[PDB]
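Descriptive structure summary
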Amino acid sequence: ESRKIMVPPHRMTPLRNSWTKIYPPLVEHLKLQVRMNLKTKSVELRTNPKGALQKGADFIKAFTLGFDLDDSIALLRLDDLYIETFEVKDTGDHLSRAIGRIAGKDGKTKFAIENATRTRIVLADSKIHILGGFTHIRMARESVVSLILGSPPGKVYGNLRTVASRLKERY
RNA sequence: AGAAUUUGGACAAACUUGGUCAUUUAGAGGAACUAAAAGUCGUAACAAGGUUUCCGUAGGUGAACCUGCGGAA
């Protein structure tokens with residue numbers, strides 16, 4: 001029993017140079033066997049005779065999606081971690097500057113929402129992936145959807161301050 | 001044609017006297033009518049929203065990396 005994760009040709013060279021830190025938790029912590037098909041540009045994970053294949057698939061799928069090495073190791077460990085993918089889909093007007101509104105100047109809005117909601121976000125052209133806990137993904141996604149659908153920067157930043165406080169608060 | 005000197009010469013700018021004028025007194029009365037300002041400390045208020053990871057190309061190049069431009073997720 002096996003899984004195949006297709007590595008796109010824009011995350012291929014980081015996979016090869018950081019490959020030597022990717023396969024050791026895949027081959028001794030997880031006890032899988034791992035091959036990298038250079039023909040199909042894919043990663044194959046097979047099970048030996050001696051429920052972790054989905055964990056390894058999510059590990060390399062996070063790296064495939066665009067999350068860094070330590071972020072992917074954080075997904076491989078830390079059972080309470082999830083990752084949500086969505087396109088914008090809500091062109092000059094709407095597509096070419098809603099993503100500029102998520103980013104901001106030097107990505108400071110994305111950095112602010114990452115630190116406020118304790119997720120971390122990779123923003124493609126229009127493909128947003130979010131790695132966090134369940135409630136953390138909920139709040140980061142609500143704020144990202146907010147500032148692609150139109151909200152004032154004061155409103156989204158006040159909501160970010162408030163969500164940081166209430167997510168870290170007991171009671 | 002045409003110099004002086006000159007027969008008849010009119011026009012005549014500007015200067016002078018004041019105005020028929022407009023304007024100022026030495027400066028001083030009369031004697032109405034209108035106006036008259038007492039309140040620590042108050043700001044920077046003032047404003048837009050292209051990040052990550054590759055790929056090509058031009059330049060700066062230890063051909064590494066950076067920057068600009070063009071694409072991909």
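What counts as what
Residues numbered from 1 in each chain as written, not as in the entry; some residues may be left out. Chains lettered and ligands numbered in written order. Part of a larger assembly, values for the part shown. Heavy atoms only, no water. Salt bridge = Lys/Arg side-chain N within 4 Å of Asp/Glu carboxyl O. Buried < 20%, exposed > 50% of the residue type's maximum accessible area, 1.4 Å probe, protein only. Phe/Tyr/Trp six-rings, centres within 6.5 Å; stacked < 30°, edge-to-face > 60°. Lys NZ or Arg CZ within 6 Å of the ring centre and 35° of its normal. Pairing = 2+ DSSP bridges. Helix = DSSP H or I, 4+ residues; strand = E, 2+ residues; numbered from the N terminus. Axes fitted to C-alpha atoms, helices over the stretch in contact; angles between N-to-C directions. Contact = heavy atoms within 4.5 Å. Near = heavy atom within 4 Å. Polar contact = N/O pair within 3.5 Å; in protein donor to acceptor, adjacent residues only side chain to side chain. Nonpolar A, V, L, I, M, F, W, Y, C, P; charged D, E, K, R; others polar.

In the PDB header, cryo-EM is given as the technique by which the entry was determined, and 3.7 Å as its resolution.

Thoughts on the pattern of salt bridges
Scanning the entire structure with this criterion turns up 5 salt bridges. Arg-141 is the salt-bridge partner of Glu-84, the closest N and O atoms lying 2.6 Å from each other. Note on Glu-84: relative accessible area 26%, which makes it partly exposed. Among the residues examined, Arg-141 registers a relative accessible area of 27% and is labelled partly exposed.

Concerning the packing of aromatic side chains
Across all of its chains, the model carries 1 aromatic pair by this definition. Centre to centre, the rings of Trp-19 and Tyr-23 are 6.0 Å apart; their planes meet at 15°, and the pair counts as stacked. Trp-19 gets classed as buried once you look at its relative accessible area, which sits at 15%. When its relative accessible area of 36% is taken as the criterion, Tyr-23 is described as partly exposed. Over the face of the ring belonging to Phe-63 we find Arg-11, whose NZ or CZ atom lies 4.6 Å from the ring centre.

A look at the sheet that holds strand 1 (residues 2-6)
Ordered in space as 1-3-2, the 3 strands form an open sheet in which the pairing is antiparallel. Only two strands of the sheet have a single neighbouring strand rather than two, namely strand 1 and strand 2 (33-37). Each neighbouring strand pair of the sheet contributes to a mean axis angle of 20°, computed without reference to strand direction. Summarising the sheet, strand 1 and strand 3 (residues 42-46) pair through 5 bridges and their orientation is antiparallel. Following the sheet pairing, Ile-5 is matched in strand 3 by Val-43.

Comments concerning helix 4 (residues 69-76)
Burial of helix 4 is extensive: 6 of the 8 residues sit out of reach of the surface. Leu-69, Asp-71, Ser-72, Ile-73, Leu-75 and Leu-76 are the residues of helix 4 that are buried. Against helix 2 (23-29), helix 3 (53-65), strand 4 (82-87), strand 5 (120-123) and strand 6 (127-132) lie the buried residues of helix 4. Once helix 4 finishes, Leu-78 follows within two positions and takes phi at roughly 60°, a positive value.

Focus: the protein's contact with RNA strand B
In the vicinity of RNA strand B, 21 residues are found, and the nearest of them are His-10, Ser-96, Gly-100, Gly-104 and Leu-123. Each atom of RNA strand B within 4 Å of the protein was assigned to sugar, phosphate or base; sugar and phosphate come to 48%. Residue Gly-100 places a main-chain N or O atom 2.7 Å away from a sugar or linking oxygen belonging to RNA strand B. Within the contact set of RNA strand B, a phosphate oxygen lies 3.4 Å away from a backbone nitrogen or oxygen of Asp-106. Mapped onto the surface near RNA strand B, the elements with two or more residues apiece are helix 1 (13-17), helix 5 (95-103) and helix 6 (108-117). A per-element tally of the surface near RNA strand B places helix 5 first, with 5 residues. Looking at the surface near RNA strand B, its residues break down into 7 nonpolar, 6 polar and 8 charged.

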